[PDB]
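Here's the structure, in structure tokens; my notes come after.
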Amino acid sequence: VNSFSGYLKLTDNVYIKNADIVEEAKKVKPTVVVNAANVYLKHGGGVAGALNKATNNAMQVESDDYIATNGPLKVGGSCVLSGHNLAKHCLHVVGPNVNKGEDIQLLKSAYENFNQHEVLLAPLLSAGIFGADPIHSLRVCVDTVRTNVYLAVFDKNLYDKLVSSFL
Ligand SMILES: O=C(O)C[C@H](NC(=O)c1ncnc2[nH]ccc12)c1ccc(F)cc1
């Protein structure tokens, strides 16, 4: 038993809620919150800008040190950093950004990173301003992630569409 509230069950291992992921993180303090990052960990907008703002820019400061030491991530890759005031850890996961012309085929690889963690609070990878089809992304999530994932969807209309179309 865990401490997430009001989530809708989709499969053996995936739940979903129309909620602000920052507020879900501040309430639950999960072991892992997932960020929808880019390879440079430049947290400008979307999930990343929202999470980083909630950390008072501490996420960005930590991320800049990470990049200075290690270089950029791969599209499809991830790194574990601090969750700051939001979670124990933040799993920064790079899905493909279709508005950058990146390969949507790497979405499955991106979701595979979730399998290294027993329980995660996460956004829908590559959706929103990342420009991929959100129905497709939820499908890839359910067909790839085997650990327990709690998906938080900001946009109400998107949430309603995702639930009503889910197979
Ligand atoms: O769930 C959604 O609507 C889409 C989601 N966006 C957000 O979660 C979001 N965007 C802007 N400001 C925000 N503030 C608090 C949350 C938040 C998203 C998912 C994958 C991405 F690669 C990029 C965005």
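Letters for chains follow the order of the structure tokens (A, B, ...), residue numbers begin at 1 for each chain, and ligand numbers begin at 1 in the order shown.
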
Can you tell me, as a ChimeraX atom specification, what residues are no more than 12 Å from residue 107 in chain A when counting only C-alpha atoms, ignoring any on the same chain fewer than 4 positions away? /A:36,75-77,93-98,102-103,111-114,124-127,130,132-134,136-141,143-145

Would you mind exporting the chosen residues as a short mmCIF file (atom, residue, chain, number, x, y, z; two decimals), in the first residue's frame, restricted to N, CA and C atoms?
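Saved file again.cif follows:
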```cif
data_model
loop_
_atom_site.label_atom_id
_atom_site.label_comp_id
_atom_site.auth_asym_id
_atom_site.auth_seq_id
_atom_site.Cartn_x
_atom_site.Cartn_y
_atom_site.Cartn_z
N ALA A 36 10.60 15.13 -17.39
CA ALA A 36 10.68 15.04 -18.85
C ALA A 36 11.76 16.01 -19.31
N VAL A 75 19.30 10.91 -25.93
CA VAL A 75 17.86 10.76 -26.12
C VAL A 75 17.51 9.30 -25.88
N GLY A 76 16.52 9.06 -25.01
CA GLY A 76 16.19 7.74 -24.53
C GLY A 76 16.84 7.39 -23.21
N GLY A 77 17.78 8.21 -22.73
CA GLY A 77 18.51 7.94 -21.52
C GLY A 77 17.98 8.70 -20.32
N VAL A 93 14.48 11.85 -17.36
CA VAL A 93 14.36 10.94 -18.50
C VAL A 93 14.18 11.77 -19.76
N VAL A 94 14.97 11.48 -20.78
CA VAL A 94 14.91 12.18 -22.05
C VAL A 94 14.11 11.32 -23.02
N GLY A 95 12.87 11.72 -23.28
CA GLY A 95 12.13 11.17 -24.39
C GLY A 95 12.43 11.98 -25.64
N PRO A 96 12.07 11.44 -26.81
CA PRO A 96 12.23 12.21 -28.05
C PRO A 96 11.30 13.41 -28.09
N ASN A 97 11.83 14.55 -28.55
CA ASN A 97 11.06 15.78 -28.74
C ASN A 97 10.78 15.92 -30.24
N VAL A 98 9.53 15.64 -30.62
CA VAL A 98 9.14 15.66 -32.03
C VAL A 98 9.25 17.07 -32.61
N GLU A 102 13.25 14.86 -33.40
CA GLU A 102 13.87 13.68 -32.83
C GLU A 102 13.03 12.43 -33.10
N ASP A 103 13.69 11.28 -32.95
CA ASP A 103 13.16 9.99 -33.39
C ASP A 103 12.14 9.49 -32.37
N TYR A 111 11.05 5.00 -21.75
CA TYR A 111 10.24 4.38 -20.70
C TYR A 111 10.96 3.23 -20.00
N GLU A 112 11.87 2.54 -20.68
CA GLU A 112 12.58 1.44 -20.03
C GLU A 112 13.33 1.91 -18.78
N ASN A 113 13.74 3.18 -18.74
CA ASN A 113 14.41 3.68 -17.54
C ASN A 113 13.54 3.54 -16.30
N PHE A 114 12.21 3.60 -16.47
CA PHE A 114 11.32 3.51 -15.32
C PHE A 114 11.45 2.16 -14.62
N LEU A 124 3.54 12.03 -18.67
CA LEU A 124 3.44 11.23 -19.88
C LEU A 124 4.56 11.64 -20.84
N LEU A 125 5.53 10.75 -21.05
CA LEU A 125 6.73 11.13 -21.78
C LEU A 125 6.42 11.60 -23.20
N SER A 126 7.13 12.63 -23.62
CA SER A 126 7.09 13.17 -24.97
C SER A 126 5.74 13.79 -25.35
N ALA A 127 4.81 13.91 -24.40
CA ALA A 127 3.54 14.57 -24.66
C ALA A 127 3.70 16.08 -24.47
N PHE A 130 6.49 18.46 -25.98
CA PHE A 130 7.42 17.60 -26.70
C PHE A 130 6.85 17.08 -28.02
N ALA A 132 4.77 14.73 -29.28
CA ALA A 132 4.39 13.40 -29.72
C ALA A 132 2.90 13.16 -29.47
N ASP A 133 2.37 12.10 -30.07
CA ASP A 133 0.98 11.72 -29.88
C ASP A 133 0.79 11.17 -28.48
N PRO A 134 -0.02 11.80 -27.62
CA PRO A 134 -0.13 11.31 -26.24
C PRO A 134 -0.81 9.95 -26.12
N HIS A 136 -0.40 7.51 -28.19
CA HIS A 136 0.69 6.59 -28.46
C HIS A 136 1.62 6.47 -27.26
N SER A 137 1.90 7.59 -26.58
CA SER A 137 2.83 7.53 -25.45
C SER A 137 2.27 6.72 -24.29
N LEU A 138 1.00 6.94 -23.94
CA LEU A 138 0.38 6.13 -22.89
C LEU A 138 0.43 4.65 -23.26
N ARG A 139 0.21 4.33 -24.53
CA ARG A 139 0.30 2.94 -24.98
C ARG A 139 1.70 2.39 -24.77
N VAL A 140 2.72 3.16 -25.17
CA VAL A 140 4.10 2.71 -24.98
C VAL A 140 4.39 2.53 -23.50
N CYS A 141 3.92 3.47 -22.67
CA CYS A 141 4.12 3.35 -21.23
C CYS A 141 3.58 2.01 -20.71
N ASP A 143 2.85 -0.68 -22.23
CA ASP A 143 3.47 -1.83 -22.86
C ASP A 143 4.96 -1.97 -22.55
N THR A 144 5.55 -1.03 -21.83
CA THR A 144 6.98 -1.05 -21.55
C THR A 144 7.29 -1.08 -20.07
N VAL A 145 6.62 -0.26 -19.27
CA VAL A 145 6.91 -0.16 -17.85
C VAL A 145 6.25 -1.33 -17.13
#
```

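For residue 63 in chain A, the set of protein, DNA and RNA residues having any atom at most 10 Å away, when counting only C-alpha atoms and skipping those fewer than 3 positions along the same chain, is residues 40, 41, 42, 43, 57, 58, 59, 60, 66, 67, 68, 69, 79, 81, 82 and 92 of chain A.
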
Same residues, N, CA, C and O atoms, output as a PDB file, in the first residue's frame:
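result.pdb, written as the output of this step:
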```pdb
ATOM      1  N   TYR A  40      20.539  18.249 -22.191  1.00  0.00           N
ATOM      2  CA  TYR A  40      21.374  19.223 -21.499  1.00  0.00           C
ATOM      3  C   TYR A  40      20.873  19.525 -20.101  1.00  0.00           C
ATOM      4  O   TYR A  40      21.485  20.331 -19.388  1.00  0.00           O
ATOM      5  N   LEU A  41      19.758  18.912 -19.703  1.00  0.00           N
ATOM      6  CA  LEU A  41      19.142  19.201 -18.418  1.00  0.00           C
ATOM      7  C   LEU A  41      18.886  20.694 -18.242  1.00  0.00           C
ATOM      8  O   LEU A  41      19.069  21.250 -17.160  1.00  0.00           O
ATOM      9  N   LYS A  42      18.470  21.347 -19.327  1.00  0.00           N
ATOM     10  CA  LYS A  42      18.081  22.750 -19.282  1.00  0.00           C
ATOM     11  C   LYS A  42      16.576  22.801 -19.081  1.00  0.00           C
ATOM     12  O   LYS A  42      15.805  22.519 -20.003  1.00  0.00           O
ATOM     13  N   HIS A  43      16.163  23.130 -17.862  1.00  0.00           N
ATOM     14  CA  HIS A  43      14.780  22.948 -17.429  1.00  0.00           C
ATOM     15  C   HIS A  43      14.014  24.248 -17.660  1.00  0.00           C
ATOM     16  O   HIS A  43      13.835  25.074 -16.764  1.00  0.00           O
ATOM     17  N   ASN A  57      15.034  26.744  -8.307  1.00  0.00           N
ATOM     18  CA  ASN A  57      16.177  26.639  -9.217  1.00  0.00           C
ATOM     19  C   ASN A  57      17.285  25.720  -8.694  1.00  0.00           C
ATOM     20  O   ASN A  57      18.309  25.584  -9.363  1.00  0.00           O
ATOM     21  N   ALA A  58      17.099  25.055  -7.558  1.00  0.00           N
ATOM     22  CA  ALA A  58      18.133  24.143  -7.085  1.00  0.00           C
ATOM     23  C   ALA A  58      18.309  22.962  -8.029  1.00  0.00           C
ATOM     24  O   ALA A  58      19.429  22.479  -8.207  1.00  0.00           O
ATOM     25  N   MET A  59      17.227  22.491  -8.645  1.00  0.00           N
ATOM     26  CA  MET A  59      17.346  21.437  -9.645  1.00  0.00           C
ATOM     27  C   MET A  59      18.263  21.862 -10.790  1.00  0.00           C
ATOM     28  O   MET A  59      19.115  21.084 -11.236  1.00  0.00           O
ATOM     29  N   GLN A  60      18.113  23.095 -11.273  1.00  0.00           N
ATOM     30  CA  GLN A  60      18.962  23.564 -12.367  1.00  0.00           C
ATOM     31  C   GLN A  60      20.424  23.666 -11.940  1.00  0.00           C
ATOM     32  O   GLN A  60      21.321  23.297 -12.703  1.00  0.00           O
ATOM     33  N   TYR A  66      26.044  18.489 -12.923  1.00  0.00           N
ATOM     34  CA  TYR A  66      26.026  17.160 -13.527  1.00  0.00           C
ATOM     35  C   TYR A  66      26.530  17.199 -14.971  1.00  0.00           C
ATOM     36  O   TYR A  66      27.355  16.369 -15.378  1.00  0.00           O
ATOM     37  N   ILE A  67      26.020  18.140 -15.772  1.00  0.00           N
ATOM     38  CA  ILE A  67      26.430  18.231 -17.171  1.00  0.00           C
ATOM     39  C   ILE A  67      27.900  18.623 -17.283  1.00  0.00           C
ATOM     40  O   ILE A  67      28.624  18.121 -18.147  1.00  0.00           O
ATOM     41  N   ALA A  68      28.354  19.555 -16.450  1.00  0.00           N
ATOM     42  CA  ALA A  68      29.757  19.951 -16.504  1.00  0.00           C
ATOM     43  C   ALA A  68      30.679  18.767 -16.259  1.00  0.00           C
ATOM     44  O   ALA A  68      31.763  18.691 -16.843  1.00  0.00           O
ATOM     45  N   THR A  69      30.256  17.823 -15.422  1.00  0.00           N
ATOM     46  CA  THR A  69      31.080  16.661 -15.112  1.00  0.00           C
ATOM     47  C   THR A  69      30.936  15.557 -16.152  1.00  0.00           C
ATOM     48  O   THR A  69      31.926  14.916 -16.532  1.00  0.00           O
ATOM     49  N   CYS A  79      19.215  10.058 -15.951  1.00  0.00           N
ATOM     50  CA  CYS A  79      20.105  10.065 -14.802  1.00  0.00           C
ATOM     51  C   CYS A  79      19.270  10.292 -13.550  1.00  0.00           C
ATOM     52  O   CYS A  79      18.188  10.884 -13.605  1.00  0.00           O
ATOM     53  N   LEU A  81      19.113  12.174 -10.036  1.00  0.00           N
ATOM     54  CA  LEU A  81      19.614  13.288  -9.254  1.00  0.00           C
ATOM     55  C   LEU A  81      18.707  13.468  -8.041  1.00  0.00           C
ATOM     56  O   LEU A  81      17.787  12.677  -7.810  1.00  0.00           O
ATOM     57  N   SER A  82      18.973  14.502  -7.251  1.00  0.00           N
ATOM     58  CA  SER A  82      18.148  14.757  -6.081  1.00  0.00           C
ATOM     59  C   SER A  82      16.721  15.134  -6.472  1.00  0.00           C
ATOM     60  O   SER A  82      16.483  15.777  -7.494  1.00  0.00           O
ATOM     61  N   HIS A  92      15.614  12.007 -14.215  1.00  0.00           N
ATOM     62  CA  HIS A  92      15.533  12.843 -15.407  1.00  0.00           C
ATOM     63  C   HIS A  92      15.574  11.925 -16.613  1.00  0.00           C
ATOM     64  O   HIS A  92      16.592  11.270 -16.849  1.00  0.00           O
TER      65      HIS A  92
END
```

With only C-alpha atoms as the counted atoms, please give the residues lying no more than 8 Å from residue 119 in chain A, apart from itself and same-chain residues fewer than 3 positions off, as a ChimeraX atom specification. /A:31-32,147-150

Neighbours of ligand 1 at 9 Å or closer, counting only C-alpha atoms and all ligand atoms: which residues, as a PyMOL selection string? chain A and resi 18-23+35-38+45-51+94-97+122-132+134+151-159

Which of range 42-150 of chain A counts as alpha helix (DSSP H) under DSSP, as a PyMOL selection string please? chain A and resi 46-54+58-70+107-112+134-144

One decimal, in Å: what's the spacing between CA of residue 44 in chain A and CA of residue 64 in chain A? 13.0 Å

Residues within 10 Å of residue 142 in chain A, only C-alpha atoms, excluding chain neighbours under 6 positions, as a list in words: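 Result of the neighbour search: residues 10, 11, 12, 13, 14, 15, 111 and 149 of chain A.
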
Among the residues of range 82-129 of chain A, find those DSSP assigns to strand (DSSP E or B) from the backbone and print them as a ChimeraX atom specification. /A:82,89-93,119-122

I need the chosen residues saved as a PDB file, in the first residue's frame, with N, CA and C atoms.
```pdb
ATOM      1  N   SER A  82      18.973  14.502  -7.251  1.00  0.00           N
ATOM      2  CA  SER A  82      18.148  14.757  -6.081  1.00  0.00           C
ATOM      3  C   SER A  82      16.721  15.134  -6.472  1.00  0.00           C
ATOM      4  N   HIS A  89      14.338  11.330  -4.919  1.00  0.00           N
ATOM      5  CA  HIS A  89      15.127  11.384  -6.131  1.00  0.00           C
ATOM      6  C   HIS A  89      14.286  11.939  -7.265  1.00  0.00           C
ATOM      7  N   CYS A  90      14.965  12.542  -8.234  1.00  0.00           N
ATOM      8  CA  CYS A  90      14.375  12.866  -9.523  1.00  0.00           C
ATOM      9  C   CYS A  90      15.071  12.036 -10.587  1.00  0.00           C
ATOM     10  N   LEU A  91      14.292  11.244 -11.312  1.00  0.00           N
ATOM     11  CA  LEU A  91      14.780  10.528 -12.480  1.00  0.00           C
ATOM     12  C   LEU A  91      14.541  11.414 -13.696  1.00  0.00           C
ATOM     13  N   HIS A  92      15.614  12.007 -14.215  1.00  0.00           N
ATOM     14  CA  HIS A  92      15.533  12.843 -15.407  1.00  0.00           C
ATOM     15  C   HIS A  92      15.574  11.925 -16.613  1.00  0.00           C
ATOM     16  N   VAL A  93      14.477  11.847 -17.364  1.00  0.00           N
ATOM     17  CA  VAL A  93      14.359  10.941 -18.503  1.00  0.00           C
ATOM     18  C   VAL A  93      14.178  11.772 -19.759  1.00  0.00           C
ATOM     19  N   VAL A 119       8.623   2.161  -7.822  1.00  0.00           N
ATOM     20  CA  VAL A 119       7.454   3.038  -7.832  1.00  0.00           C
ATOM     21  C   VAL A 119       7.896   4.416  -8.304  1.00  0.00           C
ATOM     22  N   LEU A 120       7.112   5.029  -9.194  1.00  0.00           N
ATOM     23  CA  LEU A 120       7.430   6.359  -9.706  1.00  0.00           C
ATOM     24  C   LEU A 120       6.174   7.196  -9.864  1.00  0.00           C
ATOM     25  N   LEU A 121       6.309   8.494  -9.608  1.00  0.00           N
ATOM     26  CA  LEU A 121       5.370   9.515 -10.057  1.00  0.00           C
ATOM     27  C   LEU A 121       5.939  10.121 -11.332  1.00  0.00           C
ATOM     28  N   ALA A 122       5.144  10.183 -12.399  1.00  0.00           N
ATOM     29  CA  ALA A 122       5.724  10.533 -13.686  1.00  0.00           C
ATOM     30  C   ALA A 122       4.744  11.261 -14.589  1.00  0.00           C
TER      31      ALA A 122
END
```

I need the residue nearest residue 166 in chain A from this list: A:9, A:62, A:117, A:80. Use only C-alpha atoms for the distance.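 That would be A:9, the residue with the smallest distance to residue 166 in chain A.
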